[PDB]
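Protein chains in written order, with PDB author numbering: chain 6, 103 to 194, 260 to 420, 444 to 463; chain 5, 24 to 103, 130 to 198, 201 to 211, 235 to 305, 319 to 339; chain 2, 201 to 460.
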Amino acid sequence: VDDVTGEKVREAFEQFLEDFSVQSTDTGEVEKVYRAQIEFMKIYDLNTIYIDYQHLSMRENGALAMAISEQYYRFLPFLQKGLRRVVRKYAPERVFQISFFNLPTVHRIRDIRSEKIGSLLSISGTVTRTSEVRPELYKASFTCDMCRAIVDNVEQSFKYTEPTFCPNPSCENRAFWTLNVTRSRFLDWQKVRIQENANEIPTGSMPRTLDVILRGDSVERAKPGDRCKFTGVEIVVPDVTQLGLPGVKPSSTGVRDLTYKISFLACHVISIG
Amino acid sequence: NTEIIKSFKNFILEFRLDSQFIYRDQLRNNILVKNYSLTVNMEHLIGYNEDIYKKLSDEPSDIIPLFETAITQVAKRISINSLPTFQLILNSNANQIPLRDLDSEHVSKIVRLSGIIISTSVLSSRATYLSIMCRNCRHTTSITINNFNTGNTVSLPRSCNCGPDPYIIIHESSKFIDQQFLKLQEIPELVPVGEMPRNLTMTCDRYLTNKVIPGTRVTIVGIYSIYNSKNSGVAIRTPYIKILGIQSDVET
Amino acid sequence: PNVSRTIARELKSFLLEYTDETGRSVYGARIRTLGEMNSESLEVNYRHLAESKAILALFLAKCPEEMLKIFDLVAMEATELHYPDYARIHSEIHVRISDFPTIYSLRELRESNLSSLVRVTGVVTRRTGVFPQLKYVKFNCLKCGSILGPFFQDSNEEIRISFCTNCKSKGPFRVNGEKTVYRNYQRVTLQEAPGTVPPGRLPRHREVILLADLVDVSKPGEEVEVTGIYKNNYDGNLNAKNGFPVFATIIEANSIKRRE
């Protein structure tokens, strides 16, 4: 089902960058620029790409980008596997991040609504109160009671938990959340608070904010107080601290209520303005 | 534990300078006034025997509560009902350790030093001998604590099964003592040119309370010990000096 | 590994047989300055070792947490041919690796500089008091005896070494105050120097652990140059943040230089 159409967006994207999306010849951009973008990262090894959004939508006439604009969150397992089938036919300690840019529209803070969860969009704002750079886990090696410390798979999510199946000892799913730093691959991120631009808003009534996560190789590119555009994803984060203004928050029948709020994720930041 | 009493019980009875012997005349004149203590000069231990002071200098926390029961077996050779546990107060003069250089090596060692006292506290109560009864079994017992190492080193047991800690302290038959909790600042003539003057906190036992006013120059002989309350780090303890014998000057 | 015995005999010749500038081997005339100050610290330059053997210069930047133990264990038996009665004065020497220019000011610390020797300058902001640390976890098991052998929890880790099947079954263990070797401890933070700031940005903090010799070497307001290592401290790392598995990073110091 989703495995089927997940390979279709995989094989189309794998067939996309193997072909060229640039027409003007004899003045640059000749013969599959994305193959030429690979070899420059083969010399330098910074593990990223910077591909256009319009250039994806020019070939199939938006037959593919409308899914990538809508169901963007589900396809990053399938876009990462599709890129890794390409470079192993090209290039011989590796991780890869897929950055987009050149979007048609710029949205604002007041137009943020929950019909666009897992989609792609841009936003402009003012950067305030940056923080420090810290590692995040993203892959664990949690051992067990027996000497088999084999743990390179499950529970890389946003919960800091360890796995349940494939038991090393003869026991069941024992205690969890162990991170043995001998083999675990951390990336770095920081947290900033974006604020709406001054010369758009009406009469001054404390304009609303967000908190944005900058993952990967985008760190310390946000200056304290300059305007920027960003990438599309809009996650929601489980939190505990929201209390005092109650609604109908559904319970979990270990009892725990669920409180949600909005947080923004990025992959490419551009400092226009 | 065994027979180190008799190696000290002969020290009180038989120590003797030229004509008049001291520790059977200091033990008798401190009972008629009802004073209940003793003052050992620490040079007279090592002149009489070196093997005794070898044990006392190595592991002092387990042997001074053995000498306190070696006195109260001698005061029943003089008085013949209520004779409590005696207290041992000692003083000497080897070499002052300044307050700035107290390393991690001097844990549980006899250390003397000097300084100025800043503040005191209000008195309190510590228990020595208490009586316990269980709530369901009602099996009475008696725990006698004599050692002092501040929070908890000796506590209630777990069974005489019955529940988690079924024991109650009975307040109608016990004995209690005092504690004082001073503070001590180093002398400003060992000047901290780029530092502030540090400080330590001591404890005092039953017969050294209310002896010193804030603002004096003292010399203090004690055990540099450690305690682990959380009242800022991982596996971090805190230092304090269990005073046994404050040799102040003339108060002036 | 078990290749360490090949390492032990072959850096020992660079404590005795490394000479320079017409005799006077600088690490034969260095152990004589131990003892007469009695200080358990060997100074070792990095340029004086990298020019001879380029193999071990790589094995300092790769994993110095297991490399420096072997570099300390044979460092005892270099002094023992000079001072044979040195088992009883601290019984231990740790080492003092000199300059290795990795990080420029403060802010180049990514994943790619993890668990490696980093050299960094800064300014001391504030510092705590001096405390003892355990360094020797000694149990209080009720089934076994209360000596029980020396076990090591000497990190920022606080190891969950449970006592199971000690004498006949799992005896309940605590800690006592008996016969263990404590050592000093003092946390001092450090921020970026005001001369080499980029325009506009605030300076950044970092926590530095000192250990057992280098306490009371700082004073608040000094241009200090730390040559520590860089690890991934657990034990309360963002306790209210479990949706973001974000770890705390503390530099454990290995040397301290003043302003130059």
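Backbone N, C-alpha and C fix where the C-beta goes; we use that ideal spot for every residue, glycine too.
Contacts that residue i makes with chain 2 (C-beta to C-beta distance below 7 Å)
i: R394 (chain 6); result: Simply none; closest approach about 15 Å.
i: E299 (chain 6); result: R404
i: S153 (chain 5); result: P332, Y382, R383 and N384
CA nearest to the CA of residue i, picked from the options
i: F267 (chain 6); options: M168 (chain 6), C457 (chain 6), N149 (chain 6) and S418 (chain 6); result: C457 (chain 6)
i: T328 (chain 6); options: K212 (chain 2), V244 (chain 2), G443 (chain 2) and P201 (chain 2); result: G443 (chain 2)
i: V375 (chain 2); options: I75 (chain 5), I323 (chain 5) and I328 (chain 5); result: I323 (chain 5)
i: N245 (chain 2); options: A257 (chain 2), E236 (chain 2) and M237 (chain 2); result: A257 (chain 2)
i: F339 (chain 2); options: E265 (chain 2), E217 (chain 2), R209 (chain 2) and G371 (chain 2); result: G371 (chain 2)
i: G70 (chain 5); options: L79 (chain 5), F38 (chain 5) and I261 (chain 5); result: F38 (chain 5)
i: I242 (chain 5); options: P266 (chain 5), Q259 (chain 5) and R184 (chain 5); result: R184 (chain 5)
i: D272 (chain 2); options: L211 (chain 2), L411 (chain 2), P399 (chain 2) and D285 (chain 2); result: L211 (chain 2)
i: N203 (chain 5); options: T190 (chain 5), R161 (chain 5), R175 (chain 5) and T95 (chain 5); result: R175 (chain 5)
i: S455 (chain 2); options: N356 (chain 2), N433 (chain 2) and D416 (chain 2); result: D416 (chain 2)
i: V318 (chain 6); options: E303 (chain 6), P334 (chain 6), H274 (chain 6) and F177 (chain 6); result: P334 (chain 6)
i: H294 (chain 2); options: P284 (chain 2), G436 (chain 2), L314 (chain 2) and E277 (chain 2); result: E277 (chain 2)
i: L216 (chain 2); options: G377 (chain 2), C263 (chain 2), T328 (chain 2) and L281 (chain 2); result: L281 (chain 2)
i: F31 (chain 5); options: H67 (chain 5), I146 (chain 5) and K57 (chain 5); result: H67 (chain 5)
i: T389 (chain 2); options: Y336 (chain 2), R327 (chain 2), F363 (chain 2) and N432 (chain 2); result: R327 (chain 2)
i: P262 (chain 5); options: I166 (chain 5), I54 (chain 5), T134 (chain 5) and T190 (chain 5); result: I166 (chain 5)
i: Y175 (chain 6); options: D406 (chain 6), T398 (chain 6) and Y450 (chain 6); result: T398 (chain 6)
Chain 6 residues whose Cβ lies nearer than 7 Å to that of residue i
i: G443 (chain 2); result: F325, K326, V404 and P405
Interface partners of residue i on chain A, CB under 7 Å
i: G400 (chain 2); result: The structure shown contains no chain A; its protein chains are 6, 5 and 2.
Listed by chain order, chain 5 residues near residue i by CB distance under 8 Å
i: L216 (chain 2); result: The premise fails here: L216 (chain 2) is roughly 31 Å from chain 5 at the closest Cβ pair, so nothing lies under 8 Å.
DSSP state of residue i mapped onto helix, strand, coil
i: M276 (chain 5); result: strand
i: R247 (chain 2); result: helix
i: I159 (chain 5); result: strand
i: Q264 (chain 6); result: strand
i: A448 (chain 2); result: coil
i: residue 6 (chain 5); result: The question about residue 6 (chain 5) has no answer, for chain 5 in this structure spans 24 to 339.
i: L211 (chain 2); result: helix
i: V106 (chain 6); result: helix
i: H282 (chain 2); result: coil
i: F142 (chain 6); result: helix
i: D354 (chain 2); result: coil
i: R187 (chain 6); result: helix
i: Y71 (chain 5); result: helix
i: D272 (chain 2); result: helix
i: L402 (chain 2); result: coil
i: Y136 (chain 6); result: helix
i: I323 (chain 5); result: strand
Within-8 Å CB hit, residue i to chain 5
i: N432 (chain 2); result: no
i: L438 (chain 2); result: no
i: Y304 (chain 2); result: no
i: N238 (chain 2); result: no
Interface residues of chain 2 facing residue i [CB-CB closer than 9 Å]
i: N198 (chain 5); result: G377
Interface flag, residue i vs chain 2, CB-CB below 8 Å
i: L377 (chain 6); result: no
i: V321 (chain 5); result: yes
i: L304 (chain 6); result: yes
i: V156 (chain 5); result: yes
i: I300 (chain 5); result: yes
Chain-ordered neighbours of residue i on chain 2, where CB pairs are closer than 8 Å
i: residue 234 (chain 5); result: Between 211 and 235, chain 5 has no modelled residues, and residue 234 (chain 5) is one of the positions in that gap.
i: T325 (chain 5); result: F331
Contact list for residue i against chain 5, beta-carbon separation under 7 Å
i: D435 (chain 2); result: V321
Contacts of residue i in chain 6 (Cβ-Cβ under 9 Å)
i: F447 (chain 2); result: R301, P302, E303, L304, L346, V348 and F353
i: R307 (chain 2); result: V300 and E387
C-beta neighbour in chain 6 for residue i, strict 8 Å
i: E311 (chain 2); result: yes
Note down, in chain order, all residues in the segment 345-375 of chain 2 with a beta-carbon under 7 Å from any beta-carbon belonging to chain 5. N356 and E358
Please identify, using Cβ separations under 7 Å, the residues of the segment 336-359 of chain 6 that lie next to chain 2, in order along the chain. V348, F353, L354 and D355
May I ask you to list, following chain order, the residues of the segment 264-290 of chain 5 that have a beta carbon less than 7 Å from some beta carbon of chain 2? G268
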